[PDB]
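[1] A structural model of the following input is requested.
(3 chains)
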Amino acid sequence: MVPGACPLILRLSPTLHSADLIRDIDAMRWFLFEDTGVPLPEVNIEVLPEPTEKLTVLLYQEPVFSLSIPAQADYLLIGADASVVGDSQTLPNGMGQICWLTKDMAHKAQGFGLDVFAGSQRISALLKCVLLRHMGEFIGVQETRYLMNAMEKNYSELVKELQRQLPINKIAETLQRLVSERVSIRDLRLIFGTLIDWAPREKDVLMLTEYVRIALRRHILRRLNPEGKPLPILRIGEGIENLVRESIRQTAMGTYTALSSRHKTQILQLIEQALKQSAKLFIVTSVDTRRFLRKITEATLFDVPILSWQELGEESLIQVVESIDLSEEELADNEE
Amino acid sequence: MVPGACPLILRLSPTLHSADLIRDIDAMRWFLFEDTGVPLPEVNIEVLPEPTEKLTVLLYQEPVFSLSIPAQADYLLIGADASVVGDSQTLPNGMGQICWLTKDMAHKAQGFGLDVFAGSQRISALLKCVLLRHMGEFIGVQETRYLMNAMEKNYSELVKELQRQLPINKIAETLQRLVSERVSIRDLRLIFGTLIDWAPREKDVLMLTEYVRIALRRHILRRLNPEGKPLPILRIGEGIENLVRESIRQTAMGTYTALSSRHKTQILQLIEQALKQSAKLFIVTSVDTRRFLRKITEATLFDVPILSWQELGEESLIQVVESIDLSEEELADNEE
Amino acid sequence: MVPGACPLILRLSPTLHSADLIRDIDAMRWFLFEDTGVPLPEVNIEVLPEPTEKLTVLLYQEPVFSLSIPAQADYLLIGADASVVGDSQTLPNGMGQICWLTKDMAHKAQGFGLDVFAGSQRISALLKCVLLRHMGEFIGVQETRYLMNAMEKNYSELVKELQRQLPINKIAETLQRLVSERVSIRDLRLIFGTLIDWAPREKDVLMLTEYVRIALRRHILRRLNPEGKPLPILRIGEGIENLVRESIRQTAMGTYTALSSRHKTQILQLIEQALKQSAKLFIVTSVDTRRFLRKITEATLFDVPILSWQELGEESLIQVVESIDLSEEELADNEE
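    Residues are numbered from 1 along each chain as shown, chains lettered A, B, ... in the order given. Below you will find the coordinate block:
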């Protein structure tokens, strides 16, 4: 009887198991560490006897992924596009769209300029997807202490000064709030430097997270669109920001937004409606109200990245696509 | 002469004893630990010479379970349904309904899609029931310290930070208030993380329990209805919440509800009456007054789970069944 | 010359001594420990040469029990009833009624469904009676420390937290006030848990005793009437409680009752008069004034148990028998 949940469990029918699943999942963990910077816990492989082909992924033993692979399913494609179509189903919890392809169709898709997974990889490229939706749960206080104890090899004075500046719970909160926005924390040295520089002059951890986001803005803007080509930007017009700035209320532990449910909701469906025009769009708002806006749209729209004007340097052009704007609701709609 | 009561004693006539009772009770304890997360103390088996077939379950040597199995009783069914009927009796203390079945009738019931216990299992499936009604008594201060000392293997910094945040009595109070609502505490890591994040900004342990309940809401909503099918929700109309919000009185150790016995009582019989329409219903109220409402209906209706609006995510639909509503009583009924 | 009185001395004529008195008294001590939870000190047997058959029981060397067994006395019955009668005498200090029976009459009484003591047991069943009248003197500060040092085997953190909460004299006071009401303290774990939960928010030890009584209310209601059959309840009407609530006066060390001797006395004889209708009755009053009422009737009526409304759960019915009520006296009788 040992307390503490088992962190990561992958349950598979013995048909799906193979000899290269171990090293494939190992390489998946290594790649995810190099990309997002959060060291994932080693996976526990459980063989579940079942005639029906099914796999499940268990985070802390709460079933969060469950999928049944069809019989003809041997080549896997993540996401859907116009060039290749056929046998597509939507992942649960709104994680997206996937397709199963035959040998020839998948060869054509691979030739078209995409990646096609076949064999044990079909597990990894699925498992990885799940991890990208639940990454923020693998960085807490103990994981933060592990990162700091690993960084005490080369940066001993940096870690010591940081500890003298901020207690470990605030560091863990900042790292978690960074990771839950798909901002990589591989560059821990710069993060610790920014928290040290901006720690004496600030007390709400959320502002520290904003500052660490700004100091990483080069990395963020590279990881969004790797090539220098301009990808679209959806500005928010001054109405919504001017609305939300009066929602800022300050207590001894920070500043929080207080908007009526009507304003929140209408913002959510209007943003959702305006995002159907193109597959990938980047929302943009002001610096002072970026975080608050994320806090009013993180629950439903998770994959959409909410940048800020200062987080885009003057070396990046804007390629404006739309202009979202609303006035208040309770006093009068005036835009809605 | 050794002080301290004997925790768990099962007294049986020598007829009921067997060779597989030891490992059966062991597996029962293991399953209950994996389900609810509270490590139960090892059971003491006492053989009670009695011609009459009778068993008793003793928590701290205060007889709390006493049942006499009939002579023809060899196959056991927990709960009653329309498909199978015959030889049904109600467990004491309002623990429910059970049936004893013959070999053929129990085979038919098992084929119908239920579980039938026969042999030593008839003890376990009964004993377990008792444990599910008294679980909250097996988590105190010493048990909390045992859990923390077990979690000091992998999460040392998490436990140290928690201790620096909250004294052990508040942690034990929070865990007990969680377990006495059938909220599993198997995921201790997330519980400690939430208590660490929300401990500096809060002093009434009951609010901390509310926050830990919210952070577990995915688990709670899975454990209530394991399948994604919508199961019924009984809302409470705004009258009762608007009534009870003025019952909140704040002292230096927290906020408590103060309602006249008339309001409490009328709420209890009206809820009890409205719950006879369906076997299983989930009450729903507001976030601010969930706990208080539980505190005014925990004594009589224990098995009914009282969720909250925020504890249900926007990814779960509502399947409204009824709408409970009352006004005040002392000033004027106005609904009653 | 050694300070400190000899705790328990039983003085007997050599006629009454036997070879099985040692183990009989040992089993008596063990049973009393399992029942009331207070570990009694080992008895010192003194042989007192006397032609007259007489025994004495000495608590701290102050003669408190003295009885002379008649010549024809070989079978002993404790208490008197209608079915068997003959050779009955009243124990001193109002401890009750006993009977000596011949072989055939005692056999008939045993067949009637009672217990009959013969031989060395006639000492034990008498000695035990004395112990049940003076139990509260065997739990002080040293005995409390012995109980806590025994409970430091399995509950180390529970005892440590309790000590950090309450000094040992308050714990001893609470245990003594519990034992002097025939409330068993065998379940020390729950008592310590309740004192830990309710210690920060309270300073008068008497309230802590009330809370520990409430948390034990299951044990208490079982030990009063072991079977689920309803046994009578004598309510007190609102007059006396409404009278006594203004007697509550609060000093820096707690709240005490201050009533004129007339009110006290009249309450005592009226209760005594109303209790002659039935052999066994349970007084009931409000939660706020139970303890005070006991404090105004403990001196004369000791054996009568004074429960409280909250100490009876809603699962127990009331079987009201009478309704005691009085108004004030000094201002005007108005009921008396």
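
[2] Looking at chain A, which residue is nearest chain C?
    Using CB to the nearest CB, residue A:3 is the residue of chain A that sits closest to chain C, at 15.5 Å. For every residue, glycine as well, the C-beta is placed using N, CA and C.

[3] Around chain B, pick out the residues from chain A.
    Applying CB under 8 Å from any CB of the partner chain, we find that chain A lies next to chain B at A:1-5, A:60-64, A:93-94, A:137, A:140-142, A:145, A:168-169, A:173, A:253, A:299-300.

[4] re the thing from before, any idea what the residue of chain A closest to chain C is structurally, helix, strand or coil?
    Secondary structure state of residue A:3, per DSSP: H, G, I helix; E, B strand; the rest coil, is coil.

[5] if we can go back for a sec, kindly give a single ChimeraX line that selects the buried subset of the residues of chain A next to chain B.
    In ChimeraX, this line selects whichever of the residues of chain A next to chain B come out buried by 16 or more other CB atoms under 10 Å in any protein chain shown:
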select /A:3,4,5,60,61,62,64,137,140,141,142,145,168,169,173,300
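
[6] taking the residues of chain A next to chain B one by one, which sit in helices?
    Among these, DSSP state H puts A:141-142, A:145, A:168-169, A:173 in helices.

[7] Tell me which stretches of the stretch 151-300 of chain A form helices.
    Secondary structure of the stretch 151-300 of chain A, counting by DSSP state H, counting those that start in this stretch: helices at A:156-165, A:168-179, A:188-198, A:205-215, A:217-224, A:238-244, A:261-274, A:290-295.

[8] most tightly surrounded among those helices?
    Highest mean neighbour count among the helices of the stretch 151-300 of chain A (mean count of other CB atoms under 10 Å in any protein chain shown): helix A:168-179, with a mean of 23.

[9] hmm, back to that, out of the helices of the stretch 151-300 of chain A, which is closest to residue B:116?
    Of all the helices of the stretch 151-300 of chain A, helix A:168-179 sits nearest to residue B:116, with 47.4 Å by CB to CB.

[10] and that closest one with helix B:188-198, angle?
    Interaxial angle of helix A:168-179 relative to helix B:188-198 (axes from the mean of the first three to the mean of the last three CA atoms, to 10 degrees): 100 degrees.

[11] Just the CA atoms of helix A:168-179, as CSV, please.
    Output in CSV follows, covering the C-alpha atoms of helix A:168-179 (Å, rounded to 0.1, in the frame of the first residue of the first chain):
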residue,chain,number,x,y,z
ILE,A,168,10.1,27.6,-4.1
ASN,A,169,6.3,27.8,-4.3
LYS,A,170,6.4,31.0,-6.3
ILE,A,171,9.0,29.7,-8.6
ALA,A,172,6.9,26.6,-9.2
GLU,A,173,3.8,28.7,-9.8
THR,A,174,5.7,30.8,-12.4
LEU,A,175,7.0,27.8,-14.2
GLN,A,176,3.6,26.1,-14.3
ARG,A,177,1.9,29.3,-15.6
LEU,A,178,4.6,29.4,-18.3
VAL,A,179,4.3,25.8,-19.3
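
[12] so how far is it off the chain centroid?
    The chain centre lies 15 Å from the centre of helix A:168-179; the measure is CA atoms, centre = their mean, to the nearest Å.

[13] the inter-axis angle of that helix versus helix A:205-215?
    Going by the same axes, to 10 degrees, helix A:168-179 is angled at 50 degrees with respect to helix A:205-215.

[14] Next, the angle from helix A:168-179 to helix A:156-165.
    Interaxial angle of helix A:168-179 relative to helix A:156-165 (the same axes, to 10 degrees): 110 degrees.

[15] Show me what helix A:168-179 is packed up against.
    Applying 3 or more CB pairs under 8 Å, 6 or more residues apart in numbering or on different chains; DSSP states H and E, we find helix A:168-179 packed against helix A:141-151, helix A:188-198, helix A:205-215, helix B:156-165, helix B:188-198.

[16] Apply 7 Å and report the result again.
    Counting contacts by 3 or more CB pairs under 7 Å, 6 or more residues apart in numbering or on different chains; DSSP states H and E, helix A:168-179 is packed against helix A:141-151, helix A:205-215, helix B:156-165.

[17] Of those helices, give the one that comes closest to residue B:331.
    helix B:156-165 (43.4 Å).

[18] Quickly check: that closest one near chain C or not.
    No - Helix B:156-165 stays clear of chain C (CB under 7 Å from any CB of the partner chain), getting no nearer than 11.9 Å.

[19] which strands and helices sit next to that helix?
    With contacts taken as 3+ CB pairs under 7 Å, 6+ apart, helix B:156-165 sits against helix A:141-151, helix A:168-179, helix B:188-198.

[20] Need the residues that contact it.
    Residues from elsewhere that reach helix B:156-165, judged by CB atoms under 7 Å, 6 or more residues apart in numbering or on different chains: A:140-142, A:145, A:168-169, B:148, B:151-152, B:171, B:189, B:192, B:195-196, B:199.

[21] Between which two of the residues you listed is the distance greatest?
    A:145 and B:171 (19.6 Å).

[22] Now residue A:300: closest residue in space that isn't a chain neighbour?
    residue A:268 (5.8 Å; CB to CB, 6 or more residues apart in numbering or on different chains).

[23] What about residue A:319, how many residues nearby?
    Using other CB atoms under 10 Å in any protein chain shown, residue A:319 is surrounded by 11 other residues.
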